[PDB]
Amino acid sequence: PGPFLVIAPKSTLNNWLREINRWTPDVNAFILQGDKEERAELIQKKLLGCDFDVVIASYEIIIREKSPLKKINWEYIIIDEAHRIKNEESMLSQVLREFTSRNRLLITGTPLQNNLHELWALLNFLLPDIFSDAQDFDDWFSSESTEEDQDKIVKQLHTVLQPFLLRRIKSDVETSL
DNA sequence: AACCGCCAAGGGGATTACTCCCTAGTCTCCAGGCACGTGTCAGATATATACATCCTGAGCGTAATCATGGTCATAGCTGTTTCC
């Protein structure tokens with residue numbers, strides 16, 4: 001049981017704290033909310049005191065709290081609704097390539113929205129030392145064969161990501177019928 | 001209610017190529033506009049009167065002030081009454 005970092009949109013920080021209490025009450029988590037002073041007593045007392053397991057913050061708070069969070073090495077950076085990361089220049093991306101966690105569990109509700117460029121934008125922060133490349137990934141696959149429309153080289157895209165990534169749909173396993 | 005991040009997409013600023021026709025240089029030409037004489041008029045000049053206007057009281061009005069009277073308040077005196 002160690003240091004954990006999870007991120008939720010402002011509207012959703014209640015739910016994750018609510019569900020963690022309902023299901024596994026043994027984990028120390030905070031909703032890191034409040035004012036500049038009201039975030040401080042969280043910083044020095046509990047966050048600096050290493051008196052927690054997970055920390056629930058918002059999109060901007062981590063940017064507001066980048067410096068007091070670097071000094072704590074993490075286990076995962078749990079990223080719900082990972083849509084702000086679609087842009088590499090979205091400032092949240094440059095604040096997350098700076099933290100040092102052993103694993104980096106990105107989470108989403110919907111997959112990539114528009115482009116292959118976007119796909120490895122999610123993918124490049126997953127295993128950065130492996131790719132370390134931006135346009136190399138792109139012209140390697142050449143955008144679903146945008147010129148020849150072979151639509152068979154897409155199988156190579158699928159074959160790497162199938163044992164590297166997991167999709168399930170509601171229609172298959174209803175759970176709601 | 002500013003700040004700051006964020007988000008996508010037209011929008012027009014940039015760049016490249018080209019074409020061309022208008023302005024430049026020359027050159028031929030001439031009358032317009034600038035120097036060059038000249039008279040006449042409208043500003044300058046020189047008084048005289050009409051008039052405005054300021055100045056300082058001629059006087060007049062107005063208020064401020066002192067005078068003056070009346071009136072009321074209070075004090076003093078005495079007459080009345082009651083009590084020993």
# chains A, B, ... in the order shown; residues from 1 in each chain; ligands from 1
call {"tool": "interface_residues", "arguments": {"of": "chain B", "to": "chain A", "cutoff": "12 Å", "atoms": "only C-alpha atoms (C1' of nucleotides)", "output": "list in words"}}
result
residues 4, 5, 6, 7 and 8 of chain B
call {"tool": "select_by_dssp", "arguments": {"residues": "region 112-150 of chain A", "states": "alpha helix (DSSP H)", "output": "MDAnalysis selection string"}}
result
chainID A and resid 116:124 128:131 135:145
call {"tool": "write_last_selection", "arguments": {"atoms": "N, CA and C atoms", "output": "PDB file, in the first residue's frame"}}
result
ATOM      1  N   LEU A 116      -4.795   9.377 -36.097  1.00  0.00           N
ATOM      2  CA  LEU A 116      -3.664   8.545 -35.694  1.00  0.00           C
ATOM      3  C   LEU A 116      -2.621   9.339 -34.930  1.00  0.00           C
ATOM      4  N   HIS A 117      -2.361  10.577 -35.357  1.00  0.00           N
ATOM      5  CA  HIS A 117      -1.537  11.477 -34.564  1.00  0.00           C
ATOM      6  C   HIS A 117      -2.028  11.512 -33.129  1.00  0.00           C
ATOM      7  N   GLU A 118      -3.344  11.584 -32.959  1.00  0.00           N
ATOM      8  CA  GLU A 118      -3.913  11.561 -31.623  1.00  0.00           C
ATOM      9  C   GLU A 118      -3.666  10.223 -30.938  1.00  0.00           C
ATOM     10  N   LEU A 119      -3.765   9.112 -31.681  1.00  0.00           N
ATOM     11  CA  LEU A 119      -3.611   7.790 -31.069  1.00  0.00           C
ATOM     12  C   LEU A 119      -2.289   7.647 -30.334  1.00  0.00           C
ATOM     13  N   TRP A 120      -1.178   7.908 -31.016  1.00  0.00           N
ATOM     14  CA  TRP A 120       0.099   7.833 -30.326  1.00  0.00           C
ATOM     15  C   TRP A 120       0.348   9.027 -29.420  1.00  0.00           C
ATOM     16  N   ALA A 121      -0.488  10.065 -29.479  1.00  0.00           N
ATOM     17  CA  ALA A 121      -0.447  11.072 -28.424  1.00  0.00           C
ATOM     18  C   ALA A 121      -0.831  10.457 -27.083  1.00  0.00           C
ATOM     19  N   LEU A 122      -1.889   9.636 -27.061  1.00  0.00           N
ATOM     20  CA  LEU A 122      -2.142   8.803 -25.889  1.00  0.00           C
ATOM     21  C   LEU A 122      -1.034   7.778 -25.707  1.00  0.00           C
ATOM     22  N   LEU A 123      -0.560   7.203 -26.813  1.00  0.00           N
ATOM     23  CA  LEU A 123       0.349   6.070 -26.733  1.00  0.00           C
ATOM     24  C   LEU A 123       1.759   6.497 -26.338  1.00  0.00           C
ATOM     25  N   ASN A 124       2.200   7.686 -26.765  1.00  0.00           N
ATOM     26  CA  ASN A 124       3.589   8.071 -26.529  1.00  0.00           C
ATOM     27  C   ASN A 124       3.884   8.262 -25.045  1.00  0.00           C
ATOM     28  N   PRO A 128       7.294   5.911 -22.927  1.00  0.00           N
ATOM     29  CA  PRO A 128       7.984   6.966 -23.680  1.00  0.00           C
ATOM     30  C   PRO A 128       9.384   6.589 -24.137  1.00  0.00           C
ATOM     31  N   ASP A 129      10.124   5.859 -23.301  1.00  0.00           N
ATOM     32  CA  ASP A 129      11.474   5.449 -23.672  1.00  0.00           C
ATOM     33  C   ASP A 129      11.475   4.467 -24.835  1.00  0.00           C
ATOM     34  N   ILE A 130      10.347   3.810 -25.095  1.00  0.00           N
ATOM     35  CA  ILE A 130      10.280   2.832 -26.175  1.00  0.00           C
ATOM     36  C   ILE A 130      10.062   3.522 -27.515  1.00  0.00           C
ATOM     37  N   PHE A 131       9.145   4.485 -27.568  1.00  0.00           N
ATOM     38  CA  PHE A 131       8.853   5.186 -28.824  1.00  0.00           C
ATOM     39  C   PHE A 131       9.792   6.370 -29.024  1.00  0.00           C
ATOM     40  N   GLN A 135       6.825  11.654 -35.456  1.00  0.00           N
ATOM     41  CA  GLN A 135       6.475  11.438 -36.850  1.00  0.00           C
ATOM     42  C   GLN A 135       6.964  10.091 -37.352  1.00  0.00           C
ATOM     43  N   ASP A 136       7.915   9.476 -36.645  1.00  0.00           N
ATOM     44  CA  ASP A 136       8.366   8.132 -36.989  1.00  0.00           C
ATOM     45  C   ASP A 136       7.224   7.130 -36.884  1.00  0.00           C
ATOM     46  N   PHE A 137       6.432   7.226 -35.814  1.00  0.00           N
ATOM     47  CA  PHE A 137       5.270   6.357 -35.665  1.00  0.00           C
ATOM     48  C   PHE A 137       4.251   6.606 -36.768  1.00  0.00           C
ATOM     49  N   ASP A 138       4.095   7.867 -37.172  1.00  0.00           N
ATOM     50  CA  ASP A 138       3.025   8.251 -38.086  1.00  0.00           C
ATOM     51  C   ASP A 138       3.268   7.716 -39.491  1.00  0.00           C
ATOM     52  N   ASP A 139       4.371   8.132 -40.120  1.00  0.00           N
ATOM     53  CA  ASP A 139       4.667   7.688 -41.476  1.00  0.00           C
ATOM     54  C   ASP A 139       5.015   6.207 -41.541  1.00  0.00           C
ATOM     55  N   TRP A 140       5.306   5.582 -40.398  1.00  0.00           N
ATOM     56  CA  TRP A 140       5.470   4.134 -40.366  1.00  0.00           C
ATOM     57  C   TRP A 140       4.174   3.424 -40.730  1.00  0.00           C
ATOM     58  N   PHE A 141       3.041   3.919 -40.229  1.00  0.00           N
ATOM     59  CA  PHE A 141       1.742   3.356 -40.570  1.00  0.00           C
ATOM     60  C   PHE A 141       1.047   4.103 -41.699  1.00  0.00           C
ATOM     61  N   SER A 142       1.407   5.366 -41.927  1.00  0.00           N
ATOM     62  CA  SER A 142       0.967   6.134 -43.095  1.00  0.00           C
ATOM     63  C   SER A 142      -0.543   6.365 -43.115  1.00  0.00           C
ATOM     64  N   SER A 143      -1.159   6.496 -41.938  1.00  0.00           N
ATOM     65  CA  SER A 143      -2.539   6.974 -41.807  1.00  0.00           C
ATOM     66  C   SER A 143      -3.522   6.084 -42.577  1.00  0.00           C
ATOM     67  N   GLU A 144      -3.652   4.848 -42.081  1.00  0.00           N
ATOM     68  CA  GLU A 144      -4.616   3.852 -42.575  1.00  0.00           C
ATOM     69  C   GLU A 144      -4.506   3.667 -44.086  1.00  0.00           C
ATOM     70  N   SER A 145      -3.291   3.820 -44.608  1.00  0.00           N
ATOM     71  CA  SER A 145      -3.046   3.832 -46.045  1.00  0.00           C
ATOM     72  C   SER A 145      -3.924   4.886 -46.720  1.00  0.00           C
TER      73      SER A 145
END
call {"tool": "residues_around", "arguments": {"residues": "residue 35 (chain A)", "least_positions_apart": "4", "cutoff": "12 Å", "atoms": "only C-alpha atoms (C1' of nucleotides)", "output": "list in words"}}
result
residues 39, 40, 41, 42, 43, 61, 64 and 65 of chain A
call {"tool": "atom_distance", "arguments": {"atom1": "CA of residue 15 (chain A)", "atom2": "CA of residue 31 (chain A)"}}
result
10.4 Å
call {"tool": "atom_distance", "arguments": {"atom1": "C1' of residue 9 (chain B)", "atom2": "CA of residue 146 (chain A)"}}
result
22.1 Å
call {"tool": "atom_distance", "arguments": {"atom1": "CA of residue 73 (chain A)", "atom2": "CA of residue 102 (chain A)"}}
result
8.4 Å
call {"tool": "decode", "arguments": {"residues": "region 53-69 of chain A", "atoms": "N, CA and C atoms", "output": "CSV table (one decimal), in the first residue's frame"}}
result
chain,number,residue,atom,x,y,z
A,53,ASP,N,-2.7,6.8,0.8
A,53,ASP,CA,-2.4,5.8,-0.3
A,53,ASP,C,-2.7,6.4,-1.7
A,54,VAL,N,-3.9,7.0,-1.9
A,54,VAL,CA,-4.2,7.6,-3.2
A,54,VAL,C,-4.6,9.0,-2.9
A,55,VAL,N,-4.5,9.8,-3.9
A,55,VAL,CA,-4.9,11.2,-3.8
A,55,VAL,C,-5.8,11.5,-5.1
A,56,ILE,N,-6.9,12.1,-4.8
A,56,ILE,CA,-7.9,12.4,-5.9
A,56,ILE,C,-7.9,13.9,-6.1
A,57,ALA,N,-7.4,14.4,-7.3
A,57,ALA,CA,-7.3,15.8,-7.6
A,57,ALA,C,-8.0,16.0,-9.0
A,58,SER,N,-8.0,17.3,-9.4
A,58,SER,CA,-8.6,17.7,-10.7
A,58,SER,C,-7.6,17.9,-11.7
A,59,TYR,N,-8.0,18.3,-12.9
A,59,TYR,CA,-7.2,18.6,-14.0
A,59,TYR,C,-6.1,19.7,-13.7
A,60,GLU,N,-6.6,20.8,-13.2
A,60,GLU,CA,-5.8,22.0,-12.9
A,60,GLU,C,-5.0,21.9,-11.6
A,61,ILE,N,-5.6,21.2,-10.6
A,61,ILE,CA,-4.9,21.2,-9.3
A,61,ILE,C,-3.5,20.6,-9.4
A,62,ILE,N,-3.4,19.5,-10.1
A,62,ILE,CA,-2.0,19.0,-10.2
A,62,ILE,C,-1.1,20.0,-10.9
A,63,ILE,N,-1.6,20.7,-11.9
A,63,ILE,CA,-0.8,21.8,-12.4
A,63,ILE,C,-0.5,22.9,-11.4
A,64,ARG,N,-1.5,23.1,-10.5
A,64,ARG,CA,-1.3,24.0,-9.4
A,64,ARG,C,-0.4,23.4,-8.4
A,65,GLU,N,-0.4,22.1,-8.3
A,65,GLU,CA,0.4,21.4,-7.3
A,65,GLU,C,1.5,20.5,-7.9
A,66,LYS,N,2.1,20.9,-9.0
A,66,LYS,CA,3.1,20.1,-9.7
A,66,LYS,C,4.4,20.0,-8.7
A,67,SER,N,4.8,21.2,-8.2
A,67,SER,CA,6.0,21.2,-7.4
A,67,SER,C,5.9,20.4,-6.1
A,68,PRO,N,4.8,20.5,-5.3
A,68,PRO,CA,4.7,19.6,-4.2
A,68,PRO,C,4.5,18.2,-4.5
A,69,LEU,N,4.3,17.8,-5.7
A,69,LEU,CA,4.0,16.4,-6.1
A,69,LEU,C,5.1,15.7,-6.7
